[PDB]
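Enquirer: Quick one: this structure, given as structure tokens, is what I'll be asking you about.
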Amino acid sequence: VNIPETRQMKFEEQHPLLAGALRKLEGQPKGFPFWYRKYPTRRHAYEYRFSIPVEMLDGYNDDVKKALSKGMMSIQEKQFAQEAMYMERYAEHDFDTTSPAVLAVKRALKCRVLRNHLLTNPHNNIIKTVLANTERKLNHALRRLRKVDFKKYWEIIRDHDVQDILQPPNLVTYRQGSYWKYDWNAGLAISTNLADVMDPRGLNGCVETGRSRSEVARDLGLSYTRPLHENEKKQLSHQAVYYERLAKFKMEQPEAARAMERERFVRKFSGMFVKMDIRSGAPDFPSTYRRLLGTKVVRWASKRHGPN
Amino acid sequence: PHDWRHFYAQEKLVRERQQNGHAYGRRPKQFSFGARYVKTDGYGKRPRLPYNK
Amino acid sequence: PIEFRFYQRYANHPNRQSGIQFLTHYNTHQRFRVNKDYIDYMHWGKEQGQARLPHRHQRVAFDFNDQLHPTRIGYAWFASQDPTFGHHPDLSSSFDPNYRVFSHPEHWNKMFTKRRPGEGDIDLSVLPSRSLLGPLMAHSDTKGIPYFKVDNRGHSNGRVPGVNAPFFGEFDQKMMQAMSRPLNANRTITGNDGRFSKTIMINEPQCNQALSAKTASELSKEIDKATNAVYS
Amino acid sequence: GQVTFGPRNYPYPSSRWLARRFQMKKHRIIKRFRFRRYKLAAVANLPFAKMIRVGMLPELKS
Amino acid sequence: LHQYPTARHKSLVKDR
Amino acid sequence: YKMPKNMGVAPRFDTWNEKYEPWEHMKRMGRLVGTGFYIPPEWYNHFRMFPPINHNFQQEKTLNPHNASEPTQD
Amino acid sequence: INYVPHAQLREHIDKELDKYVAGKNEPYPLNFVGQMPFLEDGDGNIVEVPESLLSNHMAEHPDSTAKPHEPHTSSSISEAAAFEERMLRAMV
Amino acid sequence: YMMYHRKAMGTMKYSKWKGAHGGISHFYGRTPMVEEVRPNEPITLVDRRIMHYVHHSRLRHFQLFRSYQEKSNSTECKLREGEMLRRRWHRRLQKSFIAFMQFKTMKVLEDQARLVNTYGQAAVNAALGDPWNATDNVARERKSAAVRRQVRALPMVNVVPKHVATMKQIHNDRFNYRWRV
Amino acid sequence: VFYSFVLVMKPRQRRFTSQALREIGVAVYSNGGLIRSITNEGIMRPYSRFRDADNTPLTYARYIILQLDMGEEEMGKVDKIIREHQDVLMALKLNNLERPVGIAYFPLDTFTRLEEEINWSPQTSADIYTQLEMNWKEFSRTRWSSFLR
Amino acid sequence: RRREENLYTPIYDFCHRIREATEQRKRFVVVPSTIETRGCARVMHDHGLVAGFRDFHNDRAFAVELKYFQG
Amino acid sequence: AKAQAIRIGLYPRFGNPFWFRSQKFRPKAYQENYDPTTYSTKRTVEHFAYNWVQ
Amino acid sequence: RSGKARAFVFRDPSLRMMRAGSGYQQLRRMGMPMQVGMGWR
RNA sequence: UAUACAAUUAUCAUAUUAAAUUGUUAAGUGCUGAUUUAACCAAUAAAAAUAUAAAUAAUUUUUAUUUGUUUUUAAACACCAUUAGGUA
RNA sequence: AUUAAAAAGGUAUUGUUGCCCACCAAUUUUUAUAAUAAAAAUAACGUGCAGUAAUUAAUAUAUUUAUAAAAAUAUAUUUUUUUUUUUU
Ligand SMILES: [Mg+2]
């Protein structure tokens with residue numbers, strides 16, 4: 001693991017005199033820590049052991065340099081170095097150790113380490129439980145980061161092309177709309193800066209007229225249509241082609257059309273409840289009339305078929 | 001000893017809290033005299049916690 | 001037995017001898033259910049009576065004739081006061097509120113083994129190391145933290161007349177001025193009333209106890225009200 | 001049944017006399033079930049089982 | 001399964 | 001089982017002082033005299049003018065060994 | 001503190017092994033247990049044994065000649081002690 | 001078989017003792033006590049002092065108890081905790097006796113002070129044996145010789161209790177006929 | 001000190017001992033490690049019996065102390081090699097030198113200093129205090145002057 | 001800690017701490033600092049049931065000095 | 001330390017080769033000089049008897 | 001254990017009456033339950 | 001037949017924030033033979049020893065999963081046999 | 001001239017000539033109609049003596065044996081009555 005060089009570039013840009021001093025004193029022992037601004041925290045110097053900066057090991061022997069090099073770090077030290085390297089690339093500032101991004105990357109690395117350890121030796125039920133708890137915490141951190149920003153998501157989730165993490169736990173809970181209820185409960189229910197992501201003028205409805213958001217969009221000439229898969233596009237095309245097909249079919253081949261019209265005309269006579277009374281008008285006949293569903297009628301077997 | 005039940009209950013509480021709060025007053029399984037030296041590969045030699053199994 | 005008849009006030013079940021003490025600072029009022037500190041019934045209670053009661057440095061209930069928690073300073077500031085007045089008994093240089101004490105059930109646990117004299121799970125974080133290794137390894141040619149001045153916060157409170165600044169006025173051992181209710185809308189006149197005695201205190205330290213016209217009128221009203229009180 | 005029927009704040013899990021009446025029921029149930037299990041297992045050694053076996057025997061044709 | 005003194009009443013046996 | 005011989009006659013260690021507390025006697029004698037059909041005793045007639053101190057709670061209720069309840073016994 | 005380099009490894013090893021050569025004009029350094037082990041000559045042969053272990057050494061395996069090693073007496077530290085010891089030797 | 005097992009070191013036609021003996025032996029690294037017996041110190045007294053040490057330290061008790069029979073870990077923990085609690089209670093009981101004996105010593109010292117007051121300091125010293133009649137050095141030398149011989153402290157070890165072999169050996173560390181649970 | 005092994009080996013010939021030490025050193029340096037120091041004691045007399053080639057108890061052995069700094073991955077392999085080497089009668093591993101039980105948690109205090117000062121030897125006496133005083137004073141006098149050359 | 005357990009409130013724990021301190025004969029009680037708890041303490045002080053109260057501007061807790069009469 | 005020493009061979013599995021030499025470091029309860037905080041009561045009753053006999 | 005729980009003392013009658021500020025009878029008197037049947041004749 | 005538990009502590013199956021897991025050592029005669037046990041007794045009989053510093057308390061345990069049967073050298077060893085052995 | 005002088009228990013109240021245990025034996029009830037199974041009441045019989053500090057302690061789970069209480073093992077407990085070591 002190595003530090004990104006954006007830190008060196010930023011330090012040289014911010015402090016020209018100190019950077020030039022370091023460059024001119026390269027290879028010479030230094031009694032004053034010019035790199036204090038370069039290394040605000042202990043975790044920000046993970047190249048060498050014990051948070052020793054590279055510039056400090058200048059007037060010392062190559063034996064000491066090798067002993068403090070990366071090749072002499074323990075497993076825990078290597079894990080912490082990798083964690084710090086990943087965290088500093090997502091932290092909003094040097095001291096950012098509470099943001100959901102840094103929390104998520106730290107928890108993800110810890111989960112990876114725990115999974116590797118469990119693959120080696122799986123007889124640690126304590127490790128299994130702590131891995132489950134860390135996975136839960138990582139899921140919560142990512143759910144919280146979702147609402148604050150998603151550019152970080154399209155930056156981080158491309159790691160190994162996961163694109164499927166934060167999967168809903170179960171269909172029974174997901175159907176009742178409790179998977180998205182976490183955003184409501186976390187206080188990030190509605191915080192997206194809607195105006196920047198899309199035009200908010202056509203995303204609402206007129207109270208005075210009562211027309212829906214779609215009606216407002218069509219009146220304003222806008223179209224808020226989500227990306228569509230193949231099946232819905234096929235359905236739309238098939239339904240659109242209906243009038244064009246029928247207009248030519250009726251003219252070209254009126255025989256079959258007239259036969260079907262005769263059949264429908266006689267079917268309307270020979271049916272059930274030709275009068276449009278309340279019984280026939282009942283949109284959900286089995287649900288409305290249940291007391292006669294067992295002994296009077298046999299057509300329906302279940303009293304309800306939909307959510308209502 | 002049975003007039004000092006509270007002290008041993010505290011000991012058991014400490015052990016239970018240590019082992020993820022699952023096993024209360026449970027001890028690790030007995031192992032053979034040379035269990036760490038005569039058991040073949042793939043078998044646990046050092047006894048584990050009653051929760052770890 | 002009394003436990004068989006009355007069970008709402010007494011619990012004879014083992015592992016529940018801790019009680020239902022609400023006077024602790026723990027996250028739950030059930031001491032036997034809390035999992036922060038575990039009672040060592042065999043050795044605790046040396047200076048706090050029973051083993052289940054909170055320690056002297058972790059108590060939130062105070063008697064009438066018992067000293068309160070000393071202030072940690074970490075005399076110099078008593079020059080203006082009586083020269084022969086020694087160090088204030090309520091000022092301690094080493095006082096840790098959350099100072100963990102060694103407990104056998106939590107720290108030196110031996111139930112897993114046969115409880116032999118030679119074994120037992122022990123953690124060394126509870127008590128500071130007495131080994132001479134400490135100072136020798138932590139011996140440096142350069143001076144210590146107080147000389148190097150690496151602390152910028154200082155005291156948590158901005159200005160303490162007892163610690164940070166010189167101390168003026170008169171000492172108040174019993175909490176009398178610190179436990180009182182203001183009788184004036186501007187909180188300049190304060191009053192503490194017992195069953196028969198009423199004490200009225202002027203609190204204007206910003207102006208060296210100087211009274212304005214409105215303050216003097218309010219003070220006169222309070223004086224002639226407290227003097228003309230029935231039980232005064 | 002309810003083995004731990006001791007009164008409120010009983011310093012013991014149960015009562016020795018009360019536990020015997022439950023142990024007797026458990027022992028009797030286990031004994032009768034074990035005896036019936038052994039009998040129905042020994043049913044397989046009757047010659048009727050041999051007749052069933054020879055009836056279930058298949059034909060091996062070369 | 002119910003112990004019952006036949007010679008003397010149970011309450012009379014119990015009220016020691 | 002083993003039980004101490006005098007466990008049955010063991011005094012209650014938490015409420016054996018409330019009976020002998022001076023304030024209980026003071027209040028009961030005050031009510032009894034105020035009923036109007038009881039000749040006041042000399043101790044009541046004297047201690048009505050000099051009631052005992054208020055803050056002398058016993059260690060049984062204080063459960064704090066470092067409390068100096070009695071100024072005389074301090 | 002100087003680590004042993006790869007190039008000087010054999011020289012360091014030879015010096016470490018020759019730290020006990022059964023013959024010197026200066027006292028031998030103690031080991032990590034503060035003891036005086038057997039003084040060995042070249043090519044790995046025990047030739048001197050301290051008097052404390054002398055009886056055990058001669059009992060475990062006989063006909064194994066080994067002069068009982070005696071620590072070098074201190075004379076440069078204090079000259080008067082050397083004269084006293086020589087006078088004691090003369091007086092027997 | 002372990003070296004402490006009941007059928008260990010058995011003498012039989014088919015049984016051959018394991019390990020090498022003599023010089024560097026099987027017990028060469030496992031000998032707990034080694035003493036160089038010297039003239040004027042009998043080996044019987046050496047063995048007596050060693051046995052008294054290992055008995056008063058409650059170590060032979062544990063050795064026999066763990067060696068002869070097998071006892072469950074629960075039983076061993078129960079016995080050890082009972083022993084610890086009984087020892088603590090006995091220490092608490094004996095502290096009061098020590099305090100009262102110190103008080104009685106104070107009373108004896110007060111009576112000695114009363115005797116000093118009623119007889120004179122010099123008279124009390126003479127009664128205590130002050131060398132006020134030691135005209136020559138030999139007179140005080142005789143008492144110096146007496147106290148020098150009295151200072152000689154012989155070994156204070158006492159005879160160890162015997163071991164009782166009860167039938168079926170319910171308890172193996174039993175050293176007295178008193179019955180125990 | 002990162003790691004410190006203590007080995008007991010047969011009192012072989014000088015050539016054989018040198019060959020074994022060369023093999024151990026080559027094995028250590030192959031994994032890109034650094035030996036902090038290696039000290040050799042004499043032919044000691046261990047209490048426990050260690051069996052020789054002829055399955056007989058040999059009560060004489062030679063002690064070697066090997067202080068070094070290597071990563072865990074390479075340390076496992078090197079320790080396995082040293083333990084499986086025939087000449088090494090027995091090897092003991094010391095791993096808690098970085099964080100001894102006597103120790104906000106400054107790690108560089110014990111890593112720089114050798115194991116000898118971490119674990120005082122029996123022959124040490126009171127004069128080591130005066131020796132420490134003299135060494136500390138000279139080092140604090142000369143360290144920056146020698147560093148800024 | 002669990003669903004079955006009652007959902008405790010600052011008013012509830014303040015009341016129980018005050019009651020326990022009263023039963024144990026204490027002088028000062030440290031009680032949680034909320035607007036409702038401070039109002040309750042002020043009303044009790046006004047009615048004389050409590051010797052006094054002080055809201056030290058600490059986010060967690062404030063102090064209440066109790067009163068006793070005739071033992 | 002005992003485990004490490006036994007494993008390496010520096011310490012015997014049973015007994016101590018410095019029990020006699022460690023007696024000076026071990027505290028000695030002199031019979032002549034009384035200690036007020038003695039664990040045993042005989043060391044106090046002997047001094048009581050001595051004073052009474054005087 | 002088989003027995004139910006019993007209070008140490010009574011519940012204050014004033015508190016018991018005060019906790020009944022939203023009982024079903026009070027709700028009916030306030031008119032919260034909407035009427036859809038015929039009710040009394 | 002209708003007509004007011006508790007919530008300050010309740011022993012039989014309601015576990016849910018917890019640091020675990022893994023170390024490679026010990027013991028090796030055959031000799032003229034009565035060991036163990038209340039008693040009988042069976043066949044080489046001696047043996048396996050290393051720790052701490054370090055893992056956040058939380059707002060979706062609603063979520064993986066988990067509580068002394070866990071398979072081989074010795075020592076232990078329950079059915080059954082009776083001159084007396086097998087068997088975790 | 002070697003001696004009396006400690007602790008330590010009712011499941012019994014008809015109070016050991018006691019409660020109590022299954023089996024055996026006898027009457028009968030309830031669920032059930034399936035050649036079922038299960039559960040409950042009962043003063044005298046027969047085999048015993050399992051439990052009740054109760055004659056090799058008792059409790060819990062697992063295995064096993066069977067005229068019956070139960071018994072023996074593996075593991076975990078004591079509603080088992082208890083006996084003094086603060087660096088020899
Ligand atoms: Mg019986």
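Ordering of the structure tokens sets the chain letters (A, B, ...); residue numbers start at 1 within each chain; ligands are numbered from 1 in the order shown.
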Please identify all residues of chain C having at least one atom at most 9 Å from any atom of chain B, considering only C-alpha atoms, and return them as a ChimeraX atom specification.

Expert: /C:14-18,32,35,38-42,104-106,109-113

Enquirer: Would you output that residue set with N, CA and C atoms, as a PDB file, in the first residue's frame?

Expert:
```
ATOM      1  N   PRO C  14     -31.128 -16.040  43.348  1.00  0.00           N
ATOM      2  CA  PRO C  14     -29.708 -15.761  43.115  1.00  0.00           C
ATOM      3  C   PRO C  14     -29.509 -15.053  41.786  1.00  0.00           C
ATOM      4  N   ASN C  15     -28.432 -14.273  41.710  1.00  0.00           N
ATOM      5  CA  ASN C  15     -28.028 -13.419  40.593  1.00  0.00           C
ATOM      6  C   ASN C  15     -28.827 -12.118  40.573  1.00  0.00           C
ATOM      7  N   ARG C  16     -29.758 -11.917  41.506  1.00  0.00           N
ATOM      8  CA  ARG C  16     -30.520 -10.676  41.600  1.00  0.00           C
ATOM      9  C   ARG C  16     -30.342  -9.994  42.952  1.00  0.00           C
ATOM     10  N   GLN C  17     -29.218 -10.235  43.630  1.00  0.00           N
ATOM     11  CA  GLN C  17     -28.946  -9.575  44.902  1.00  0.00           C
ATOM     12  C   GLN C  17     -28.546  -8.115  44.738  1.00  0.00           C
ATOM     13  N   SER C  18     -28.307  -7.655  43.507  1.00  0.00           N
ATOM     14  CA  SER C  18     -27.867  -6.279  43.300  1.00  0.00           C
ATOM     15  C   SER C  18     -28.925  -5.280  43.751  1.00  0.00           C
ATOM     16  N   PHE C  32     -28.691  -5.599  38.718  1.00  0.00           N
ATOM     17  CA  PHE C  32     -28.364  -6.966  38.332  1.00  0.00           C
ATOM     18  C   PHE C  32     -28.470  -7.181  36.829  1.00  0.00           C
ATOM     19  N   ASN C  35     -24.744  -4.191  32.573  1.00  0.00           N
ATOM     20  CA  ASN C  35     -23.555  -4.936  32.174  1.00  0.00           C
ATOM     21  C   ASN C  35     -22.334  -4.030  32.060  1.00  0.00           C
ATOM     22  N   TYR C  38     -19.562  -4.892  37.469  1.00  0.00           N
ATOM     23  CA  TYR C  38     -20.056  -6.080  38.149  1.00  0.00           C
ATOM     24  C   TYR C  38     -19.580  -6.086  39.594  1.00  0.00           C
ATOM     25  N   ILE C  39     -20.501  -6.373  40.509  1.00  0.00           N
ATOM     26  CA  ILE C  39     -20.244  -6.247  41.938  1.00  0.00           C
ATOM     27  C   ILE C  39     -19.377  -7.406  42.406  1.00  0.00           C
ATOM     28  N   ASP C  40     -18.319  -7.087  43.148  1.00  0.00           N
ATOM     29  CA  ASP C  40     -17.473  -8.083  43.804  1.00  0.00           C
ATOM     30  C   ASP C  40     -17.875  -8.110  45.275  1.00  0.00           C
ATOM     31  N   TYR C  41     -18.857  -8.956  45.594  1.00  0.00           N
ATOM     32  CA  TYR C  41     -19.432  -8.976  46.935  1.00  0.00           C
ATOM     33  C   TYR C  41     -18.426  -9.374  48.006  1.00  0.00           C
ATOM     34  N   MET C  42     -17.371 -10.103  47.643  1.00  0.00           N
ATOM     35  CA  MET C  42     -16.461 -10.632  48.651  1.00  0.00           C
ATOM     36  C   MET C  42     -15.521  -9.570  49.210  1.00  0.00           C
ATOM     37  N   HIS C 104     -12.811  -9.068  41.258  1.00  0.00           N
ATOM     38  CA  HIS C 104     -12.482 -10.445  40.896  1.00  0.00           C
ATOM     39  C   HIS C 104     -13.433 -11.043  39.866  1.00  0.00           C
ATOM     40  N   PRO C 105     -14.762 -10.943  40.000  1.00  0.00           N
ATOM     41  CA  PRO C 105     -15.630 -11.599  39.005  1.00  0.00           C
ATOM     42  C   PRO C 105     -15.416 -11.111  37.582  1.00  0.00           C
ATOM     43  N   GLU C 106     -15.081  -9.837  37.390  1.00  0.00           N
ATOM     44  CA  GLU C 106     -14.935  -9.298  36.043  1.00  0.00           C
ATOM     45  C   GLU C 106     -13.495  -9.333  35.546  1.00  0.00           C
ATOM     46  N   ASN C 109     -11.078 -13.827  36.610  1.00  0.00           N
ATOM     47  CA  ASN C 109     -12.113 -14.848  36.519  1.00  0.00           C
ATOM     48  C   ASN C 109     -11.464 -16.221  36.425  1.00  0.00           C
ATOM     49  N   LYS C 110     -11.930 -17.157  37.259  1.00  0.00           N
ATOM     50  CA  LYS C 110     -11.306 -18.471  37.366  1.00  0.00           C
ATOM     51  C   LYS C 110     -12.317 -19.607  37.265  1.00  0.00           C
ATOM     52  N   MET C 111     -13.539 -19.330  36.808  1.00  0.00           N
ATOM     53  CA  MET C 111     -14.564 -20.367  36.794  1.00  0.00           C
ATOM     54  C   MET C 111     -14.345 -21.383  35.680  1.00  0.00           C
ATOM     55  N   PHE C 112     -13.689 -20.986  34.587  1.00  0.00           N
ATOM     56  CA  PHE C 112     -13.456 -21.918  33.488  1.00  0.00           C
ATOM     57  C   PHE C 112     -12.513 -23.042  33.897  1.00  0.00           C
ATOM     58  N   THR C 113     -11.467 -22.720  34.650  1.00  0.00           N
ATOM     59  CA  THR C 113     -10.512 -23.716  35.110  1.00  0.00           C
ATOM     60  C   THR C 113     -11.017 -24.355  36.403  1.00  0.00           C
TER      61      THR C 113
END
```

Enquirer: Determine, counting only C-alpha atoms (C1' of nucleotides), which protein, DNA and RNA residues have an atom within 10 Å of an atom of range 2-14 of chain N; residues of the same chain fewer than 5 positions away are not included. Present the result as a PyMOL selection string.

Expert: (chain D and resi 16-17) or (chain E and resi 5-8+12-16) or (chain F and resi 1-2) or (chain N and resi 19-20+51-53+81-83)

Enquirer: Distance table requested - chain N against ligand 1, cut-off 7 Å, only C-alpha atoms (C1' of nucleotides) and all ligand atoms: one row per qualifying residue with the closest atom pair and its distance in Å to one decimal, ordered by chain and rising residue number, as a tab-separated table.

Expert:
```
residue	atom	partner	partner_atom_place_in_ligand_line	distance
N:49	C1'	ligand 1	1 (Mg)	5.6
N:50	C1'	ligand 1	1 (Mg)	5.9
N:51	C1'	ligand 1	1 (Mg)	6.9
N:54	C1'	ligand 1	1 (Mg)	6.2
```

Enquirer: Might you pull out every residue within 9 Å of range 34-38 of chain G, with only C-alpha atoms (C1' of nucleotides) counted and same-chain residues fewer than 3 positions away left off, and present them as a PyMOL selection string?

Expert: (chain G and resi 20+22+28-31+46-50+53+69) or (chain I and resi 41-45+121-124)

Enquirer: Write to file, as a short mmCIF file (atom, residue, chain, number, x, y, z; two decimals), in the first residue's frame, the residues of the selection just made, with N, CA, C and O atoms.

Expert:
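Output saved as again10.cif:
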```cif
data_model
loop_
_atom_site.label_atom_id
_atom_site.label_comp_id
_atom_site.auth_asym_id
_atom_site.auth_seq_id
_atom_site.Cartn_x
_atom_site.Cartn_y
_atom_site.Cartn_z
N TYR G 20 34.34 -17.91 23.74
CA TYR G 20 34.81 -18.88 24.73
C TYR G 20 35.86 -19.76 24.06
O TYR G 20 35.52 -20.65 23.27
N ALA G 22 38.65 -20.96 26.08
CA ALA G 22 39.32 -21.68 27.17
C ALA G 22 40.68 -21.09 27.52
O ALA G 22 41.40 -21.64 28.36
N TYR G 28 36.03 -13.87 31.52
CA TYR G 28 35.04 -14.21 30.51
C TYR G 28 33.70 -13.57 30.84
O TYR G 28 33.29 -13.55 32.00
N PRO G 29 32.99 -13.04 29.84
CA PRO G 29 31.66 -12.49 30.09
C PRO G 29 30.66 -13.58 30.45
O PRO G 29 30.77 -14.72 30.01
N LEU G 30 29.69 -13.20 31.27
CA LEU G 30 28.64 -14.12 31.66
C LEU G 30 27.60 -14.26 30.55
O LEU G 30 27.44 -13.38 29.70
N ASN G 31 26.89 -15.38 30.57
CA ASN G 31 25.84 -15.65 29.59
C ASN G 31 24.57 -14.91 30.00
O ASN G 31 24.56 -14.12 30.95
N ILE G 46 35.05 -29.84 24.64
CA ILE G 46 35.01 -29.27 25.98
C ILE G 46 36.31 -29.62 26.69
O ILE G 46 36.67 -30.79 26.82
N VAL G 47 37.01 -28.60 27.17
CA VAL G 47 38.30 -28.81 27.82
C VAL G 47 38.39 -28.18 29.20
O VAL G 47 39.31 -28.53 29.97
N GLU G 48 37.50 -27.27 29.58
CA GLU G 48 37.50 -26.69 30.92
C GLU G 48 36.08 -26.66 31.46
O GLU G 48 35.13 -26.35 30.74
N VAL G 49 35.95 -26.97 32.75
CA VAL G 49 34.65 -27.04 33.41
C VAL G 49 34.73 -26.31 34.74
O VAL G 49 35.73 -26.46 35.47
N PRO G 50 33.74 -25.50 35.10
CA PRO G 50 33.76 -24.84 36.41
C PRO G 50 33.68 -25.86 37.54
O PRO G 50 33.12 -26.95 37.39
N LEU G 53 30.28 -27.54 38.47
CA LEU G 53 29.83 -28.64 37.63
C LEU G 53 30.90 -29.71 37.42
O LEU G 53 30.67 -30.65 36.66
N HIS G 69 38.23 -24.96 35.19
CA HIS G 69 38.46 -23.56 34.86
C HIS G 69 38.39 -22.70 36.11
O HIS G 69 37.48 -22.84 36.93
N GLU I 41 26.03 -18.51 23.69
CA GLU I 41 26.51 -18.83 25.02
C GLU I 41 27.37 -20.09 24.95
O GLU I 41 27.67 -20.60 23.86
N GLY I 42 27.77 -20.61 26.10
CA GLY I 42 28.58 -21.80 26.17
C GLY I 42 27.75 -23.06 26.23
O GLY I 42 26.55 -23.07 25.95
N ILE I 43 28.41 -24.15 26.61
CA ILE I 43 27.76 -25.45 26.77
C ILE I 43 27.12 -25.47 28.15
O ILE I 43 27.77 -25.78 29.15
N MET I 44 25.84 -25.11 28.22
CA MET I 44 25.12 -25.06 29.49
C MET I 44 24.66 -26.45 29.89
O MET I 44 24.88 -27.44 29.19
N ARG I 45 23.99 -26.53 31.04
CA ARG I 45 23.42 -27.78 31.54
C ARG I 45 21.94 -27.55 31.82
O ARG I 45 21.55 -27.17 32.93
N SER I 121 18.75 -9.47 32.92
CA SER I 121 19.43 -10.73 33.21
C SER I 121 19.73 -10.85 34.70
O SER I 121 19.81 -9.84 35.41
N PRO I 122 19.88 -12.08 35.20
CA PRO I 122 20.14 -12.25 36.65
C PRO I 122 21.42 -11.59 37.13
O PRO I 122 21.46 -11.13 38.28
N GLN I 123 22.47 -11.53 36.30
CA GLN I 123 23.74 -11.00 36.78
C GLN I 123 23.71 -9.49 36.99
O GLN I 123 24.67 -8.95 37.54
N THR I 124 22.65 -8.81 36.57
CA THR I 124 22.56 -7.37 36.74
C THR I 124 22.54 -7.01 38.23
O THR I 124 22.00 -7.74 39.06
#
```

Enquirer: If I take CA of residue 11 in chain K and CA of residue 46 in chain I, how far is one from the other in Å, to one decimal?

Expert: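 Between CA of residue 11 in chain K and CA of residue 46 in chain I the gap is 7.9 Å.
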
Enquirer: Just to confirm, what's the straight-line distance from CA of residue 21 in chain A to CA of residue 33 in chain A in Å (one decimal)?

Expert: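 Calculated distance between CA of residue 21 in chain A and CA of residue 33 in chain A is 11.1 Å.
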
Enquirer: Please identify all polymer residues within 6 Å of residue 4 in chain I, counting only C-alpha atoms (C1' of nucleotides), omitting same-chain residues fewer than 5 positions from it, and present them as a PyMOL selection string.

Expert: chain I and resi 66-67+94

Enquirer: Could you pull the residues within 7 Å of range 68-78 of chain I, counting only C-alpha atoms (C1' of nucleotides), minus those fewer than 2 positions along the same chain, as a VMD selection string?

Expert: (chain A and resid 67 71 to 75) or (chain I and resid 1 to 4 27 to 28 31 33 to 37 66 80 to 82)

Enquirer: Can you list, as number ranges by chain, every residue of range 1-231 of chain C that DSSP puts in strand (DSSP E or B)?

Expert: C: 61-62, 71-72, 91-92, 108-109, 121-122, 181-182, 189-193, 198-202

Enquirer: To test your reading of the structure, identify every residue in chain G that backbone DSSP assigns to alpha helix (DSSP H), and report it as JSON, numbers by chain.

Expert: {"G": [9, 10, 11, 12, 13, 14, 15, 16, 17, 18, 51, 52, 53, 54, 55, 56, 57, 58, 59, 60, 79, 80, 81, 82, 83, 84, 85, 86, 87, 88, 89, 90, 91]}

Enquirer: Those same residues, written as a CSV table (one decimal), in the first residue's frame with C-alpha atoms?

Expert:
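So the final result, stored in result08.csv, reads:
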```
chain,number,residue,atom,x,y,z
G,9,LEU,CA,28.0,-12.9,8.9
G,10,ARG,CA,30.8,-15.4,9.0
G,11,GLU,CA,33.1,-13.1,10.9
G,12,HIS,CA,30.4,-12.3,13.4
G,13,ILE,CA,29.7,-16.0,13.9
G,14,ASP,CA,33.3,-16.8,14.3
G,15,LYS,CA,33.8,-14.1,16.9
G,16,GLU,CA,30.7,-15.2,18.8
G,17,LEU,CA,31.9,-18.8,18.8
G,18,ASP,CA,35.4,-17.8,19.8
G,51,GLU,CA,34.3,-26.4,39.8
G,52,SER,CA,30.6,-26.3,40.6
G,53,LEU,CA,29.8,-28.6,37.6
G,54,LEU,CA,33.2,-30.5,37.8
G,55,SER,CA,31.9,-33.4,39.9
G,56,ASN,CA,28.9,-33.9,37.6
G,57,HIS,CA,31.0,-33.6,34.5
G,58,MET,CA,33.5,-36.3,35.8
G,59,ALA,CA,30.7,-38.6,37.0
G,60,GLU,CA,28.5,-38.5,33.8
G,79,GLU,CA,47.0,-3.5,43.4
G,80,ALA,CA,46.8,-3.9,47.2
G,81,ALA,CA,44.5,-6.9,46.7
G,82,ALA,CA,47.1,-8.5,44.4
G,83,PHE,CA,49.8,-8.1,47.0
G,84,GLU,CA,47.6,-9.5,49.7
G,85,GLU,CA,46.7,-12.5,47.6
G,86,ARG,CA,50.4,-13.2,46.7
G,87,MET,CA,51.3,-12.9,50.4
G,88,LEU,CA,48.6,-15.3,51.3
G,89,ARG,CA,49.9,-17.7,48.6
G,90,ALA,CA,53.4,-17.5,50.0
G,91,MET,CA,52.1,-18.0,53.6
```
